[PDB]
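what's the 3D shape of this:
(one chain, ligands or ions: 2)
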Amino acid sequence: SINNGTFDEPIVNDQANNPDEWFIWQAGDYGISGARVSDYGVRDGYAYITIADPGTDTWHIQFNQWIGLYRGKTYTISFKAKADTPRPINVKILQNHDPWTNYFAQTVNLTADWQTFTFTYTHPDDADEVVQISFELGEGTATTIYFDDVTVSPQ
Ligand SMILES: OC[C@H]1O[C@@H](O[C@@H]2[C@@H](O)[C@H](O[C@@H]3[C@@H](O)[C@H](O[C@@H]4[C@@H](O)[C@H](O[C@@H]5[C@@H](O)[C@H](O[C@@H]6[C@@H](O)[C@H](O)O[C@H](CO)[C@H]6O)O[C@H](CO)[C@H]5O)O[C@H](CO)[C@H]4O)O[C@H](CO)[C@H]3O)O[C@H](CO)[C@H]2O)[C@H](O)[C@@H](O)[C@@H]1O
Ligand SMILES: [Ca+2]
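Residues are numbered from 1 along each chain as shown. Ligands and ions are numbered 1, 2, ... in the order given. Below, you will see the structure:
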């Protein structure tokens, strides 16, 4: 399941050695675009991520964690989110390697007020057993985005 979904502990950000804890990937680090996060952290029980350059596609900035799920089983995906200026983000369940098949994908419009978003999800019979949750923060307005109470739980 999700580790540090309440944000009582710092964001680890070590994709190479601990991808099962929260990490950020940015396209600017890979010669793909200018996509860059200037600051991130936790305070008062929530996560914040400050975008300096959003890149040119939604996946150019990702806030992700690997998770194990059972084939054929139904889950609930839930999270709280907001942003200093109104804009969209995506939420996905996808493979953690090429070809990055998206098993679940939705877009949500954020405002300056905290709101909650909750979706049912059935893991496909032939999906990989280890996948990742991904919040895609690229393309849209450069601003600060906030998260809290992220869960992926059996129905
Ligand atoms: O070593 C060579 C190379 O390495 C670079 O470094 C590595 C870097 O690539 C890797 O980044 C991961 C990142 O890619 C991943 O983002 C994925 C994103 O790739 C994915 O893109 C999809 C496309 O895959 C899909 O394209 C295909 C299409 O073009 C083709 O014609 O048809 C196919 C159909 O059969 C179709 O699949 O196309 C869509 C466009 O609609 C793209 O969206 O999209 C998903 C989201 O859906 C996104 O997650 O994110 C990972 C983290 O989750 C990144 O890790 O990262 C490694 C280390 O982290 C690097 O090693 C260098 O930059 C280059 O210089 C080198 O040459
Ligand atoms: Ca919290």
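
what does the chain put close to ligand 2?
6, 7, 45, 148 (CB under 5 Å from the ion). For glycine as for every other residue, the C-beta is placed from the backbone atoms N, C-alpha and C.

So which of these belong to strands?
residue 148 (DSSP state E).

quick one: which of the residues of the chain next to ligand 2 is nearest to residue 79?
residue 148 (7.5 Å; CB to CB).

bridging residues for that closest one?
residue 80 (DSSP bridges).

Which residues are in contact with it?
If you count contacts by CB atoms under 8 Å, 6 or more residues apart in numbering, residue 148 has them with 6, 7, 45, 46, 47, 79, 80, 81, 114.

Report the separation between the nearest residue to the fourth one once chain neighbours are set aside and residue 89.
Spelled out, it's residue 46. Nearest non-adjacent residue to residue 46, counting by CB to CB, 6 or more residues apart in numbering: residue 148, 4.4 Å away. For residue 148, the distance to residue 89 equals 14 Å [CB to CB, to the nearest Å].
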